[PDB]
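Enquirer: Please find one structure pasted underneath; my questions will follow.
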Amino acid sequence: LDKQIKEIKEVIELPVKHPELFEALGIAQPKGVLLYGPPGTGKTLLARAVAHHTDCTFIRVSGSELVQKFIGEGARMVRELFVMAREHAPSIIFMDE
Amino acid sequence: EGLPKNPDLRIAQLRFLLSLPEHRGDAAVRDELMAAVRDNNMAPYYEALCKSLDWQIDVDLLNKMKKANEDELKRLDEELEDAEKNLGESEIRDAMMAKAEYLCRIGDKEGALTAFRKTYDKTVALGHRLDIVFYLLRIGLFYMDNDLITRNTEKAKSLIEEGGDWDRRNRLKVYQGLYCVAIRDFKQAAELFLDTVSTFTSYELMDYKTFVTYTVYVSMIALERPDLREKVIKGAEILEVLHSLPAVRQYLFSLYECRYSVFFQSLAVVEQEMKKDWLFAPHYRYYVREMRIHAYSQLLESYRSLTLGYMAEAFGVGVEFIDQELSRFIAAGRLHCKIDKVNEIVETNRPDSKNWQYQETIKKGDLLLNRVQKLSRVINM
Amino acid sequence: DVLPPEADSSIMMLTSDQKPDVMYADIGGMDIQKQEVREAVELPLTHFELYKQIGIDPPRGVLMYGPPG
Amino acid sequence: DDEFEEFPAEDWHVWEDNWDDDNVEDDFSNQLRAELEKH
Amino acid sequence: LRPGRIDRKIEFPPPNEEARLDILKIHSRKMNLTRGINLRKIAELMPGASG
Ligand SMILES: Nc1ncnc2c1ncn2[C@@H]1O[C@H](COP(=O)(O)OP(=O)(O)O)[C@@H](O)[C@H]1O
């Protein structure tokens with residue numbers, strides 16, 4: 001999946017490494033990626049690979065209560081992960097269905 | 001398929017041939033080397049080779065190759081800068097790895113090494129790091145840089161340990177066996193070659209025919225009779241490739257089943273090709289001596305006494321020649337017998353292995369004690 | 001002080017007496033499950049060298065899930 | 001430190017270094033060929 | 001799905017024959033493969049399979 005590597009590279013790598021190409025173009029930096037595909041076709045694989053190569057902190061969100069104390073003890077809201085994401089920015093928050 | 005033949009070892013083979021005194025002037029070897037040089041635009045390597053071999057520099061060809069190389073380097077530096085500015089880390093790495101690859105393809109050792117070090121610094125993939133390390137190892141084989149070889153071998157082992165790429169582990173086994181053959185470590189060369197005989201894929205170094213030839217040679221000179229029987233004489237892949245090979249199969253099987261004097265024509269022909277080969281060249285005398293000693297020991301082991309006449313008849317050689325050879329080896333201490341000359345007869349004996357182990361211990365301890373004492377003088381004062 | 005790593009509340013079974021009396025002969029059937037459990041827990045405990053040599057990574061944990069009984 | 005100029009000077013392999021490869025002798029191929037020819 | 005949120009939607013379909021061959025090569029790099037295995041043949045034999 002090389003064309004897919006290329007697209008994810010654009011939308012993830014370029015905004016965080018070269019936030020000047022988008023400024024010159026005059027378009028807001030992309031901030032949302034969604035990966036179609038049957039199970040085990042490389043979605044999580046490519047997300048992790050792009051995060052690793054870009055040096056972004058890959059934060060996997062799954063809703064498990066086993067990690068709710070790590071997110072925040074009184075986690076009545078899912079946006080409380082954003083403090084962690086900001087602290088470890090640049091960050092890539094990955095959800096899987 | 002194998003890794004790319006960027007530092008083509010065939011070029012090193014041809015250079016070694018042209019360095020030999022019976023081929024310093026070989027028209028075919030020179031023409032093929034020049035074909036490779038003009039096809040790969042080896043301008044720096046061509047200049048260095050002309051200097052070393054005293055040839056006359058073909059100024060026109062050298063200038064055209066130099067212009068081609070300069071154009072390529074300029075274009076590829078432009079690509080690298082474009083990747084720096086616009087594209088991302090992967091594109092940067094690809095461009096600068098291509099620069100290192102071309103610096104190899106034009107035989108520029110130092111520039112290629114520096115480019116590879118920079119690429120390894122800027123690379124994040126373990127497999128790509130292993131590719132760079134194998135590039136460096138092939139450069140080390142090409143230029144017989146022992147320090148480079150050992151450093152990159154340790155680096156490759158460390159990189160493989162994590163990741164556990166068995167394909168890369170087998171490739172490193174082949175490379176390390178080649179290095180062991182180069183440095184005359186035939187025991188480890190045979191061990192690695194027998195490990196990787198059924199999984200050989202490194203065609204960047206040499207063909208499977210040559211690989212099996214080297215494996216058979218090192219196995220004969222290193223392994224004992226039981227191990228040789230189990231590995232070489234019965235390995236299915238070795239037997240098939242030896243069916244393809246008419247000569248080395250005869251050599252190995254003659255040694256194994258005691259057909260003597262045919263072992264010696266085989267040893268003569270293999271010695272000639274060993275001398276021709278760049279990898280085995282500064283060990284052919286040692287290999288032949290060791291193989292002759294092995295044959296004599298094999299013949300003498302199963303007999304309390306054996307007339308020099310019978311020895312000569314078995315080996316096809318004359319009595320005087322076999323007597324002098326046997327006496328030389330006995331004086332060297334690598335044969336467990338003595339020879340009575342008034343009535344020619346070779347009488348064997350069985351010295352306990354404790355004596356051999358004591359002699360080896362004294363020798364190795366003397367080497368290490370000399371090293372330790374040298375270190376002591378270096379430090380204390 | 002540092003104690004020997006044998007301080008523990010969960011003691012091994014005294015194989016002399018606590019060992020169960022069941023056998024693969026007493027089980028019967030379920031050969032697929034028996035073979036999977038073998039290759040997961042028993043073979044790698046005496047052939048881990050073979051596993052590493054052929055390139056497999058032995059697993060720890062098998063979970064034996066399924067209906068009751 | 002000292003260059004040891006008292007004495008004049010004359011203008012000027014990781015394997016085990018053994019004194020057996022030094023023997024002056026024709027290739028074993030040549031030796032065997034001679035032995036067979038005179039045989 | 002509102003056309004203002006997902007800045008990009010990539011598609012990872014089931015691997016082609018070539019993609020399956022590439023995946024097989026990558027995942028077999030880490031084992032003793034006897035010399036001369038037709039990974040292309042294996043990929044062809046397993047159609048409609050994921051990585
Ligand atoms: N395109 C691919 N190339 C190599 N391996 C793949 C690919 N797609 C999937 N895999 C393998 O499949 C396994 C599971 O993939 P996964 O990342 O879970 O995909 P998904 O996120 O779509 O479920 C991984 O171990 C991975 O090595």
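Labeling convention for the structure tokens: chains A, B, ... as they appear, residues from 1 per chain, ligands from 1 in order of appearance.
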Restrict the distance test to only C-alpha atoms, flag each residue of chain B within 12 Å of chain A, and return the flagged residues as a PDB file with C-alpha atoms, in the first residue's frame.
Expert:
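Heads up, here's the output in result-v1.pdb:
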ATOM      1  CA  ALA B  83      13.802  16.571  -0.594  1.00  0.00           C
ATOM      2  CA  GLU B  84      15.179  18.647   2.290  1.00  0.00           C
ATOM      3  CA  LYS B  85      13.031  21.654   1.430  1.00  0.00           C
ATOM      4  CA  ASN B  86       9.755  20.202   0.122  1.00  0.00           C
ATOM      5  CA  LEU B  87       9.519  16.472   0.849  1.00  0.00           C
ATOM      6  CA  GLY B  88       9.882  14.596   4.124  1.00  0.00           C
ATOM      7  CA  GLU B  89      12.378  12.485   6.019  1.00  0.00           C
ATOM      8  CA  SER B  90      11.802   9.344   3.945  1.00  0.00           C
ATOM      9  CA  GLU B  91      12.472  11.201   0.689  1.00  0.00           C
ATOM     10  CA  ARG B  93      16.841   9.441   3.240  1.00  0.00           C
ATOM     11  CA  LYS B 122      19.238   9.875   9.409  1.00  0.00           C
ATOM     12  CA  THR B 123      17.510   6.487   8.925  1.00  0.00           C
ATOM     13  CA  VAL B 124      14.832   5.079  11.228  1.00  0.00           C
ATOM     14  CA  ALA B 125      14.113   1.650   9.690  1.00  0.00           C
ATOM     15  CA  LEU B 126      15.931  -1.360  11.125  1.00  0.00           C
TER      16      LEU B 126
END
Enquirer: Could you tell me which residues of chain E sit within 12 Å of chain B when counting only C-alpha atoms, and give me the result as a short mmCIF file (atom, residue, chain, number, x, y, z; two decimals) with N, CA, C and O atoms, in the first residue's frame?
Expert:
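As written to disk, part35.cif reads:
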data_model
loop_
_atom_site.label_atom_id
_atom_site.label_comp_id
_atom_site.auth_asym_id
_atom_site.auth_seq_id
_atom_site.Cartn_x
_atom_site.Cartn_y
_atom_site.Cartn_z
N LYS E 25 6.59 -11.68 1.36
CA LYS E 25 8.04 -11.50 1.42
C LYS E 25 8.44 -10.84 2.73
O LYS E 25 9.36 -11.29 3.42
N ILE E 26 7.73 -9.77 3.11
CA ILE E 26 8.08 -9.05 4.33
C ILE E 26 7.95 -9.95 5.54
O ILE E 26 8.83 -9.97 6.42
N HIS E 27 6.87 -10.72 5.62
CA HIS E 27 6.60 -11.53 6.80
C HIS E 27 7.36 -12.85 6.81
O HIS E 27 7.42 -13.50 7.85
N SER E 28 7.94 -13.25 5.68
CA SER E 28 8.80 -14.42 5.62
C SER E 28 10.27 -14.08 5.75
O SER E 28 11.08 -14.98 5.99
N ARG E 29 10.64 -12.80 5.61
CA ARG E 29 12.02 -12.40 5.88
C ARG E 29 12.52 -12.94 7.21
O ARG E 29 13.73 -13.13 7.39
N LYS E 30 11.62 -13.19 8.16
CA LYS E 30 11.98 -13.50 9.54
C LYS E 30 11.89 -14.99 9.85
O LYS E 30 11.49 -15.38 10.96
N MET E 31 12.25 -15.85 8.90
CA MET E 31 12.26 -17.29 9.12
C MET E 31 13.30 -17.92 8.20
O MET E 31 13.73 -17.31 7.22
N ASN E 32 13.70 -19.14 8.53
CA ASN E 32 14.54 -19.93 7.62
C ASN E 32 13.70 -20.36 6.43
O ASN E 32 12.94 -21.32 6.51
N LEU E 33 13.85 -19.65 5.32
CA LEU E 33 13.24 -20.05 4.07
C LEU E 33 14.27 -20.85 3.27
O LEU E 33 15.33 -20.32 2.93
N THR E 34 13.96 -22.11 2.99
CA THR E 34 14.84 -22.91 2.16
C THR E 34 14.99 -22.24 0.80
O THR E 34 14.05 -21.64 0.28
N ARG E 35 16.19 -22.34 0.23
CA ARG E 35 16.50 -21.60 -0.98
C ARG E 35 15.48 -21.92 -2.07
O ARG E 35 15.17 -23.09 -2.33
N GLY E 36 14.97 -20.88 -2.72
CA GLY E 36 14.08 -21.05 -3.85
C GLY E 36 12.66 -21.42 -3.49
O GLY E 36 12.19 -22.51 -3.82
N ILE E 37 11.96 -20.52 -2.80
CA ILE E 37 10.55 -20.69 -2.47
C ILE E 37 9.73 -19.75 -3.35
O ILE E 37 10.07 -18.57 -3.50
N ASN E 38 8.65 -20.28 -3.93
CA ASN E 38 7.81 -19.51 -4.84
C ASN E 38 6.75 -18.76 -4.03
O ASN E 38 5.57 -19.12 -3.99
#
Enquirer: Set the cut-off to 7 Å, count only C-alpha atoms and all ligand atoms, and list whatever residues fall near ligand 1 as a JSON list (two decimals) with C-alpha atoms, in the first residue's frame.
Expert:
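Now in out_21.json:
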[["chain", "number", "residue", "atom", "x", "y", "z"],
["A", 1, "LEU", "CA", 0.00, 0.00, 0.00],
["A", 37, "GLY", "CA", -10.71, -1.25, 4.90],
["A", 38, "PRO", "CA", -11.51, -4.81, 5.99],
["A", 39, "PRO", "CA", -9.92, -6.12, 9.19],
["A", 40, "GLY", "CA", -6.17, -6.62, 9.22],
["A", 41, "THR", "CA", -5.46, -4.78, 5.96],
["A", 42, "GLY", "CA", -2.85, -2.46, 7.48],
["A", 43, "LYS", "CA", -4.78, 0.47, 8.98],
["A", 44, "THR", "CA", -3.24, 0.38, 12.45],
["A", 45, "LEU", "CA", 0.04, -0.70, 10.86],
["E", 23, "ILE", "CA", 3.36, -8.88, 2.39],
["E", 26, "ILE", "CA", 8.08, -9.05, 4.33],
["E", 50, "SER", "CA", -5.69, -9.80, 4.25],
["E", 51, "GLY", "CA", -2.23, -9.01, 5.55]]
Enquirer: Determine which residues of chain E DSSP labels as strand (DSSP E or B) from the backbone of this structure, then write them out as a list in words.
Expert: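 The residues of chain E classed as strand (DSSP E or B) are residues 8, 9, 10 and 11 of chain E.
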Enquirer: Skipping near chain neighbours, those fewer than 3 positions away, what residues fall within 10 Å of region 27-37 of chain D using only C-alpha atoms, listed as a list in words?
Expert: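 Once the adjacent positions are removed, what remains is residues 261, 264, 265, 266, 267, 268, 269, 270, 271, 272, 275, 284, 285, 288, 289, 292, 316, 317, 318, 319, 320, 321 and 322 of chain B; 24 of chain D.
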Enquirer: Those same residues - N, CA and C atoms - I'd like them written as a short mmCIF file (atom, residue, chain, number, x, y, z; two decimals), in the first residue's frame.
Expert:
data_model
loop_
_atom_site.label_atom_id
_atom_site.label_comp_id
_atom_site.auth_asym_id
_atom_site.auth_seq_id
_atom_site.Cartn_x
_atom_site.Cartn_y
_atom_site.Cartn_z
N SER B 261 46.07 -40.50 -4.76
CA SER B 261 46.71 -39.98 -5.96
C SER B 261 45.70 -39.32 -6.89
N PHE B 264 45.33 -36.35 -5.10
CA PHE B 264 46.41 -35.41 -5.40
C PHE B 264 46.24 -34.69 -6.74
N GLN B 265 45.77 -35.35 -7.80
CA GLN B 265 45.47 -34.53 -8.98
C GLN B 265 44.37 -33.53 -8.66
N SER B 266 43.36 -33.94 -7.89
CA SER B 266 42.31 -33.02 -7.48
C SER B 266 42.88 -31.87 -6.66
N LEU B 267 43.81 -32.17 -5.75
CA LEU B 267 44.40 -31.13 -4.92
C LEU B 267 45.24 -30.18 -5.75
N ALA B 268 45.92 -30.69 -6.78
CA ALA B 268 46.69 -29.81 -7.65
C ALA B 268 45.78 -28.85 -8.41
N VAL B 269 44.71 -29.38 -9.01
CA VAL B 269 43.82 -28.51 -9.78
C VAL B 269 43.13 -27.50 -8.86
N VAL B 270 42.67 -27.96 -7.69
CA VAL B 270 42.02 -27.03 -6.77
C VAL B 270 43.02 -26.01 -6.27
N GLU B 271 44.29 -26.39 -6.08
CA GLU B 271 45.30 -25.42 -5.69
C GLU B 271 45.47 -24.36 -6.75
N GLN B 272 45.50 -24.77 -8.02
CA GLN B 272 45.62 -23.78 -9.09
C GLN B 272 44.46 -22.79 -9.05
N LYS B 275 44.72 -20.45 -6.07
CA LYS B 275 45.68 -19.38 -6.32
C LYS B 275 45.08 -18.32 -7.23
N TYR B 284 46.43 -20.48 -0.28
CA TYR B 284 46.43 -21.71 -1.07
C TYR B 284 47.55 -22.64 -0.64
N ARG B 285 48.73 -22.10 -0.36
CA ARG B 285 49.83 -22.93 0.11
C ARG B 285 49.47 -23.60 1.43
N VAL B 288 46.80 -26.35 0.85
CA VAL B 288 47.36 -27.55 0.24
C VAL B 288 48.19 -28.33 1.26
N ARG B 289 49.00 -27.62 2.05
CA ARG B 289 49.79 -28.29 3.07
C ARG B 289 48.90 -29.02 4.06
N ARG B 292 47.28 -32.12 2.42
CA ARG B 292 48.25 -33.21 2.31
C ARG B 292 48.48 -33.86 3.67
N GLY B 316 50.60 -42.44 -5.57
CA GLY B 316 51.11 -42.28 -6.91
C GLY B 316 52.43 -41.56 -7.02
N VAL B 317 52.94 -40.98 -5.94
CA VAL B 317 54.18 -40.22 -5.95
C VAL B 317 55.36 -41.16 -5.72
N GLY B 318 56.57 -40.66 -5.95
CA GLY B 318 57.76 -41.45 -5.72
C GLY B 318 58.09 -41.62 -4.25
N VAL B 319 58.86 -42.67 -3.97
CA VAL B 319 59.21 -42.99 -2.59
C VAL B 319 60.03 -41.88 -1.96
N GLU B 320 61.01 -41.34 -2.70
CA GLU B 320 61.83 -40.28 -2.14
C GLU B 320 61.00 -39.04 -1.84
N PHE B 321 60.10 -38.67 -2.74
CA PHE B 321 59.27 -37.48 -2.53
C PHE B 321 58.36 -37.67 -1.33
N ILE B 322 57.70 -38.83 -1.24
CA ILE B 322 56.80 -39.04 -0.11
C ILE B 322 57.59 -39.11 1.18
N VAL D 24 60.49 -22.19 0.42
CA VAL D 24 60.71 -21.98 -1.01
C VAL D 24 60.49 -23.33 -1.69
#
Enquirer: Write down as a PyMOL selection string the residues of region 2-60 of chain C whose backbone DSSP state falls under alpha helix (DSSP H).
Expert: chain C and resi 24-27+31-37+44-54
Enquirer: Go ahead and save the residues from that selection, with C-alpha atoms, as a tab-separated table (two decimals), in the first residue's frame.
Expert:
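Output file selection_9.tsv is given in full below:
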chain	number	residue	atom	x	y	z
C	24	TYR	CA	-4.48	-37.49	27.44
C	25	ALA	CA	-5.80	-41.05	27.23
C	26	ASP	CA	-8.52	-40.24	29.77
C	27	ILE	CA	-9.50	-37.13	27.78
C	31	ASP	CA	-7.11	-33.82	19.27
C	32	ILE	CA	-7.01	-30.36	17.66
C	33	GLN	CA	-7.12	-28.66	21.06
C	34	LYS	CA	-4.60	-31.14	22.46
C	35	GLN	CA	-2.17	-30.46	19.61
C	36	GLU	CA	-2.58	-26.69	19.91
C	37	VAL	CA	-1.97	-26.78	23.67
C	44	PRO	CA	8.53	-24.85	23.44
C	45	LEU	CA	9.52	-25.95	26.97
C	46	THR	CA	11.88	-28.61	25.56
C	47	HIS	CA	12.49	-27.32	22.01
C	48	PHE	CA	12.77	-23.53	22.38
C	49	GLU	CA	16.12	-23.89	20.63
C	50	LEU	CA	14.28	-25.38	17.65
C	51	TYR	CA	11.73	-22.56	17.77
C	52	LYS	CA	14.45	-19.90	17.71
C	53	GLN	CA	16.31	-21.79	14.99
C	54	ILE	CA	13.29	-22.00	12.66
Enquirer: Leaving out residue 303 (chain B) and any residue of its chain fewer than 5 positions from it, which residues lie within 12 Å of it when counting only C-alpha atoms, given as an mmCIF file with N, CA and C atoms, in the first residue's frame?
Expert:
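The result, written out as around.cif:
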data_model
loop_
_atom_site.group_PDB
_atom_site.id
_atom_site.type_symbol
_atom_site.label_atom_id
_atom_site.label_comp_id
_atom_site.auth_asym_id
_atom_site.auth_seq_id
_atom_site.Cartn_x
_atom_site.Cartn_y
_atom_site.Cartn_z
ATOM 1 N N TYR B 296 47.706 -37.785 4.637
ATOM 2 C CA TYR B 296 48.706 -38.663 5.234
ATOM 3 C C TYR B 296 48.223 -39.212 6.570
ATOM 4 N N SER B 297 47.627 -38.357 7.403
ATOM 5 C CA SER B 297 47.117 -38.815 8.690
ATOM 6 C C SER B 297 46.001 -39.832 8.505
ATOM 7 N N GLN B 298 45.112 -39.599 7.540
ATOM 8 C CA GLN B 298 44.032 -40.544 7.285
ATOM 9 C C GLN B 298 44.581 -41.897 6.864
ATOM 10 N N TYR B 310 54.546 -48.582 0.181
ATOM 11 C CA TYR B 310 53.090 -48.628 0.102
ATOM 12 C C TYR B 310 52.496 -47.227 0.097
ATOM 13 N N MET B 311 53.044 -46.328 0.916
ATOM 14 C CA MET B 311 52.593 -44.939 0.909
ATOM 15 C C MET B 311 52.732 -44.336 -0.484
ATOM 16 N N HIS B 336 51.445 -38.113 13.515
ATOM 17 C CA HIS B 336 51.746 -38.920 14.698
ATOM 18 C C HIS B 336 52.416 -40.236 14.307
ATOM 19 N N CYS B 337 53.608 -40.124 13.730
ATOM 20 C CA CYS B 337 54.387 -41.307 13.389
ATOM 21 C C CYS B 337 55.858 -40.925 13.310
ATOM 22 N N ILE B 345 60.163 -47.792 6.379
ATOM 23 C CA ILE B 345 58.880 -48.169 6.965
ATOM 24 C C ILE B 345 58.394 -47.067 7.895
ATOM 25 N N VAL B 346 57.123 -46.698 7.778
ATOM 26 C CA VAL B 346 56.529 -45.645 8.594
ATOM 27 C C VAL B 346 55.764 -46.306 9.730
ATOM 28 N N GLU B 347 56.200 -46.060 10.963
ATOM 29 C CA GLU B 347 55.586 -46.635 12.154
ATOM 30 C C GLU B 347 54.845 -45.536 12.901
ATOM 31 N N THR B 348 53.549 -45.730 13.108
ATOM 32 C CA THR B 348 52.713 -44.730 13.752
ATOM 33 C C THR B 348 52.724 -44.905 15.266
ATOM 34 N N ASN B 349 52.291 -43.855 15.962
ATOM 35 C CA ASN B 349 52.182 -43.877 17.413
ATOM 36 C C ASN B 349 50.960 -43.066 17.815
ATOM 37 N N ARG B 350 50.610 -43.146 19.096
ATOM 38 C CA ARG B 350 49.393 -42.534 19.628
ATOM 39 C C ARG B 350 49.745 -41.667 20.829
#
Enquirer: At a cut-off of 10 Å, using only C-alpha atoms, what residues contact residue 91 (chain A)? Leave out same-chain residues fewer than 6 positions from it and give the result as JSON, numbers by chain.
Expert: {"A": [16, 51, 54, 55, 56, 57, 58, 59, 82, 84, 85]}
Enquirer: Near residue 96 (chain B), counting only C-alpha atoms, which residues have an atom at most 10 Å away, once you skip same-chain residues fewer than 2 positions from it, shown as a list in words?
Expert: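 So, after excluding close chain neighbours, the residues are residues 76, 77, 79, 80, 81, 83, 91, 92, 93, 94, 98, 99, 100, 101, 102, 115, 116, 118, 119 and 122 of chain B.
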Enquirer: Pick from C:57, C:67, C:8, C:16: nearest to chain E, with only C-alpha atoms counted?
Expert: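 Closest to chain E, using only C-alpha atoms: C:57.
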Enquirer: Quick one, how far is CA of residue 2 (chain E) from CA of residue 93 (chain A)?
Expert: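 Computing the Euclidean distance for CA of residue 2 (chain E) and CA of residue 93 (chain A) yields 20.2 Å.
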Enquirer: Can I get the residues of chain E within 12 Å of chain A, each with the closest pair of atoms and their distance in Å to one decimal, using only C-alpha atoms, sorted chain first then ascending number, as JSON lines?
Expert:
{"residue": "E:1", "atom": "CA", "partner": "A:34", "partner_atom": "CA", "distance": 10.2}
{"residue": "E:3", "atom": "CA", "partner": "A:32", "partner_atom": "CA", "distance": 11.5}
{"residue": "E:4", "atom": "CA", "partner": "A:32", "partner_atom": "CA", "distance": 9.7}
{"residue": "E:5", "atom": "CA", "partner": "A:32", "partner_atom": "CA", "distance": 6.5}
{"residue": "E:6", "atom": "CA", "partner": "A:32", "partner_atom": "CA", "distance": 4.7}
{"residue": "E:7", "atom": "CA", "partner": "A:32", "partner_atom": "CA", "distance": 4.9}
{"residue": "E:8", "atom": "CA", "partner": "A:33", "partner_atom": "CA", "distance": 4.9}
{"residue": "E:9", "atom": "CA", "partner": "A:34", "partner_atom": "CA", "distance": 4.8}
{"residue": "E:10", "atom": "CA", "partner": "A:35", "partner_atom": "CA", "distance": 4.9}
{"residue": "E:11", "atom": "CA", "partner": "A:36", "partner_atom": "CA", "distance": 4.6}
{"residue": "E:12", "atom": "CA", "partner": "A:37", "partner_atom": "CA", "distance": 4.7}
{"residue": "E:13", "atom": "CA", "partner": "A:37", "partner_atom": "CA", "distance": 5.5}
{"residue": "E:14", "atom": "CA", "partner": "A:41", "partner_atom": "CA", "distance": 6.4}
{"residue": "E:15", "atom": "CA", "partner": "A:41", "partner_atom": "CA", "distance": 7.5}
{"residue": "E:16", "atom": "CA", "partner": "A:1", "partner_atom": "CA", "distance": 9.6}
{"residue": "E:18", "atom": "CA", "partner": "A:1", "partner_atom": "CA", "distance": 10.2}
{"residue": "E:19", "atom": "CA", "partner": "A:1", "partner_atom": "CA", "distance": 7.2}
{"residue": "E:20", "atom": "CA", "partner": "A:1", "partner_atom": "CA", "distance": 10.2}
{"residue": "E:21", "atom": "CA", "partner": "A:1", "partner_atom": "CA", "distance": 12.0}
{"residue": "E:22", "atom": "CA", "partner": "A:1", "partner_atom": "CA", "distance": 9.6}
{"residue": "E:23", "atom": "CA", "partner": "A:1", "partner_atom": "CA", "distance": 9.8}
{"residue": "E:48", "atom": "CA", "partner": "A:38", "partner_atom": "CA", "distance": 10.9}
{"residue": "E:49", "atom": "CA", "partner": "A:41", "partner_atom": "CA", "distance": 8.9}
{"residue": "E:50", "atom": "CA", "partner": "A:41", "partner_atom": "CA", "distance": 5.3}
{"residue": "E:51", "atom": "CA", "partner": "A:41", "partner_atom": "CA", "distance": 5.3}
